[PDB]
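Chemist: Pasting a structure below so you can have a look.
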Ligand code: HEM
Ligand SMILES: CNc1cccc(C(=O)O)c1
Ligand SMILES: [Cl-]
């Protein structure tokens, strides 16, 4: 009943151009079986959304990568939030909600915006830049480690550690094997910065530890929740901002609309998250036999959700392959959906908005002027190098 496909969604060929194979996955049926990895797949918006919003049946505590924690040891202690189900998920999630809360964004917005403006001014002095290293990476590195409260020394470990984490959700291919091989120094640095004395007053890390006397988390839970922010909160924004700049470079008509109304900055970033979907995929594990889109899936089965494909599904979106900064983007799954929906989405949107605002006010044109190089990761989609010429307004 279920179609079986040989597509490997973690192969370099797939990463290089995933869109034809994603249509093949959507059009084969609402539920597919991927023979390469012995998992079920859902690539249409409807089934991805249904799976995300039934965490009882499609759980996260057996891992959101290919590995089933019931069968194999996790490569690092499980995340207390990403790799937990309700009710154990609920109180740590509430603490991160409050640490990254609507009210908290007010304390950081002025500094994030000034750093975004300063970066664009600096880049305009050079003219020809790499929008990945010099913008998408440089800007979050200039604000997020400080907002965490990290010391200066050792920050070079942060992007390698996060790349490792996201590669580790994948199957045991060479990308994953090599990441884990190189992991020991980055793991050591990150685990050490998660301890209370190493997190500067007023930053996100200190605020997590401060919640350990409310009864929502205990002191021994705080370091792993800091670990969540250091795993999840930097590389994702790098690829989100990189996606937005790549979109503006490829769709100059949309840059022109953004210049004419810079208040579109927040939605231009949200549309870039839909359009590129920096986090491409996550798994769930079934806790019972279940009917999904007509198919019967047994207990204990891994289900691969194609978030990027769901965000391009023509059953849900008009002209899904167009970048449209006034699109009604509500309901895209680039941040997930439901109880695990990205707890840092307000930080991500703040960074994206203020960077696109700086570009909207200061730049007249963004022209690719060198070879574009893709970066390969089992979970993240983004570029390694994006040479652009920035023309000043
Ligand atoms: C463009 C940037 C980002 C994207 C595309 C993104 C994507 C996602 C997605 C798809 C999920 C859901 C995972 C699932 O359902 O299993 C998620 C959850 C999460 N995100 Fe983000 N994220 C971004 C930025 C951030 C930032 C800036 C932070 C922290 C400062 C962060 C921290 C987290 C955490 C801790 C979770 C787990 C939440 C839970 O399990 O309840 N993320 N993110
Ligand atoms: C998607 N969000 C995410 C990614 C990687 C790690 C974690 C974590 O909680 O460690 C969360
Ligand atoms: Cl680790």
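Residue numbers (full-length UniProt numbering): 18 to 410. No residue lacks a Cβ here, since even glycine has one placed at the ideal position from N, Cα and C.
Counting along the chain, where does the alpha helix (DSSP H) carrying residue 8 start and finish?
Modeler: Any question about residue 8 goes unanswered here, given that the chain covers just 18 to 410.
Chemist: Which residue or residues does DSSP assign as beta-bridge partners of residue 147?
Modeler: Working through the chain shown from its first residue, we reach residue 147 at position 130. 404, per the DSSP bridge assignment.
Chemist: Take residue 343 as the anchor and find which of 283, 210, 99, 93 has the nearest alpha-carbon.
Modeler: The count along the chain shown starts at 1 and reaches residue 343 at position 326. Nearest option by C-alpha distance: 283.
Chemist: Taking the CB atoms as reference points, tell me whether residue 153 and residue 259 lie closer together than 8 Å.
Modeler: Position 136 of the chain shown, counted from the start, is the residue given in the question as residue 153. Position 242 of the chain shown, counted from the start, is the residue given in the question as residue 259. Contact flag set, yes.
Chemist: Please confirm whether any heavy atom of ligand 2 lies closer than 7 Å to the CB of residue 364.
Modeler: On the chain shown, position 347 is the one that residue 364 refers to. No, since every heavy atom of ligand 2 falls outside the 7 Å radius drawn around the Cβ of residue 364.
Chemist: Shorter than 8 Å from the beta carbon of residue 329 to some beta carbon of chain B?
Modeler: As a matter of chain content, chain B is missing from the structure shown, which is built from one protein chain.
Chemist: Using only Cβ atoms and a threshold of 5 Å, which residues come within that distance of a heavy atom of ligand 3? Order them by chain position.
Modeler: Every residue passing the under-5 Å Cβ criterion appears here: 93, 204.
Chemist: So, is residue 35 buried or exposed, given that buried needs 16 or more other C-beta atoms within 10 angstroms?
Modeler: As a first step, residue 35 must be located in the chain shown, where it is residue number 18. Classification of residue 35: buried, given that the 10 Å Cβ count is 16 or more.
Chemist: Compare the beta carbon distance of residue 112 and residue 242 with 8 Å and say whether it is the shorter of the two.
Modeler: In the chain shown, the residue the question calls residue 112 occupies position 95. In the chain shown, the residue the question calls residue 242 occupies position 225. Contact flag set, yes.
Chemist: Please report the straight-line C-alpha distance between residue 204 and residue 155, rounded to a whole angstrom.
Modeler: Here residue 204 corresponds to residue number 187 of the chain shown, with the count starting at 1. Here residue 155 corresponds to residue number 138 of the chain shown, with the count starting at 1. Spanning the two alpha carbons is a distance of roughly 22 Å.
Chemist: How many angstroms separate the CA atom of residue 375 from the CA atom of residue 116?
Modeler: Residue 375 sits at position 358 when you count from the first residue of the chain shown. Residue 116 sits at position 99 when you count from the first residue of the chain shown. Near 26 Å, if we compare the C-alpha coordinates of residue 116 and residue 375.
Chemist: Taking the DSSP output, what are the residues bridged to residue 312?
Modeler: In the chain shown, the residue the question calls residue 312 occupies position 295. Answer is 309, bridged to residue 312.
Chemist: Whole alpha helix (DSSP H) runs in the stretch 269-339 with 4 or more residues, listed along the chain?
Modeler: If we require 4 residues or more, the alpha helix (DSSP H) runs fully inside the stretch 269-339 come out as 269-277, 282-293, 324-327.
Chemist: Buried or exposed, going by whether 16 or more other CB atoms sit within 10 Å of the CB of residue 345?
Modeler: Here the question's residue 345 lines up with position 328 in the chain shown. With fewer than 16 other Cβ atoms within 10 Å, it is exposed.
Chemist: From this set, 354, 361, 377, 311, which residue's C-alpha is nearest residue 18's C-alpha?
Modeler: The count along the chain shown starts at 1 and reaches residue 18 at position 1. Considering only alpha carbons, the answer is 311.
Chemist: Does the Cβ of residue 202 lie closer than 7 Å to at least one heavy atom of ligand 1?
Modeler: Locating residue 202 in the chain shown gives position 185, counting from the first residue. False, no ligand heavy atom lies under 7 Å from that Cβ.
Chemist: Compute the beta-carbon to beta-carbon distance between residue 45 and residue 22, rounded to the nearest angstrom, for a pair I have assumed lies under 8 Å.
Modeler: Mapped onto the chain shown, residue 45 falls at position 28. Mapped onto the chain shown, residue 22 falls at position 5. Right, the Cβ-Cβ distance comes to about 6 Å (below 8 Å), so this counts as a contact.
Chemist: Let me check you understand the geometry: is the CB of residue 183 closer than 7 Å to at least one non-hydrogen atom of ligand 1?
Modeler: Your numbering for residue 183 matches position 166 in the chain shown. No, the beta carbon of residue 183 sits no closer than 7 Å to any heavy atom of ligand 1.
Chemist: Is the stretch 59-76 close to the stretch 324-334, with three or more CB pairs under 8 Å?
Modeler: A contact exists between the stretch 59-76 and the stretch 324-334.
Chemist: Residue 286 and residue 369 look like a contact to me (Cβ under 8 Å); what is the Cβ gap, rounded to whole Å?
Modeler: For the purposes of this step, residue 286 is identified with residue 269 of the chain shown, where counting begins at 1. For the purposes of this step, residue 369 is identified with residue 352 of the chain shown, where counting begins at 1. At roughly 3 Å, the Cβ-Cβ gap stays under 8 Å, so residue 286 and residue 369 are in contact.
Chemist: As a quick exercise: from 144, 114, 79, 279, pick the residue whose alpha carbon is nearest that of residue 224.
Modeler: Taking the chain shown and counting its residues from 1, the one referred to as residue 224 is at position 207. Of 144, 114, 79, 279, the residue nearest in Cα terms is 114.
Chemist: Assign residue 103 to one of three DSSP states: helix, strand, or coil.
Modeler: Position 86 of the chain shown, counted from the first residue, corresponds to residue 103. Reduced to three states, the DSSP call for residue 103 is coil.
Chemist: Measure the CB-CB distance between residue 349 and residue 77 and report whether it falls below 8 Å.
Modeler: As a first step, residue 349 is located in the chain shown; it is residue number 332 there, counting from the start. As a first step, residue 77 is located in the chain shown; it is residue number 60 there, counting from the start. Not a contact, by the Cβ cut-off of 8 Å.
Chemist: Sorted by chain position, which residues of the same chain lie with C-beta nearer than 7 Å to residue 74's C-beta, five sequence neighbours on each side aside?
Modeler: Your numbering for residue 74 matches position 57 in the chain shown. Correct list, in chain order: 303, 304, 305, 307.
Chemist: If you run the structure through DSSP and keep just helix, strand and coil, what is residue 259?
Modeler: Taking the chain shown and counting its residues from 1, one reaches residue 259 at position 242. Helix.
Chemist: With distances taken from CA atoms, which of 146, 129, 406, 372 is nearest residue 275?
Modeler: Against the chain shown, residue 275 aligns to sequence position 258. Per the Cα distances, 372.
Chemist: Should residue 26 and residue 72 be called a contact, given that it needs their Cβ atoms to be closer than 8 Å?
Modeler: In the chain shown, residue 26 corresponds to position 9, counting from 1. In the chain shown, residue 72 corresponds to position 55, counting from 1. No, the pair does not count as a contact, with Cβ atoms beyond the cut-off.
Chemist: With 16 other CB atoms within 10 Å as the buried threshold, where does residue 347 fall?
Modeler: Locating residue 347 in the chain shown gives position 330, where the first residue counts as 1. Exposed, because fewer than 16 other Cβ atoms sit within 10 Å of the Cβ of residue 347.
Chemist: With residue 243 as the anchor, note down where its alpha helix (DSSP H) starts and where it stops.
Modeler: As a working mapping, residue 243 is identified with position 226 in the chain shown. 239-249 is the extent of the alpha helix (DSSP H) around residue 243.
Chemist: Run the CB neighbour count on residue 256, radius 10 Å, all protein chains shown included, and call it buried at 16 or more, exposed below.
Modeler: As a position in the chain shown, residue 256 is number 239, starting the count at 1. With 16 or more Cβ atoms within 10 Å of its Cβ, residue 256 is classed as buried.
Chemist: Looking at the unbroken alpha helix (DSSP H) that takes in residue 155, where does it start and where does it end?
Modeler: Mapped onto the chain shown, residue 155 falls at position 138. Here the alpha helix (DSSP H) through residue 155 covers 155-165.
Chemist: Measuring straight from C-alpha to C-alpha, what distance separates residue 240 and residue 86?
Modeler: If you number the chain shown from 1, residue 240 lands on position 223. If you number the chain shown from 1, residue 86 lands on position 69. The straight-line gap from Cα to Cα measures roughly 21 Å.
Chemist: Going along the chain, which residues of its own chain have a beta-carbon closer than 7 Å to the beta-carbon of residue 392, five neighbours each way excluded?
Modeler: Numbered from 1 along the chain shown, position 375 holds the residue referred to as residue 392. Once the five neighbours on either side are set aside, the close Cβ partners of residue 392 are 399, 400, 401.
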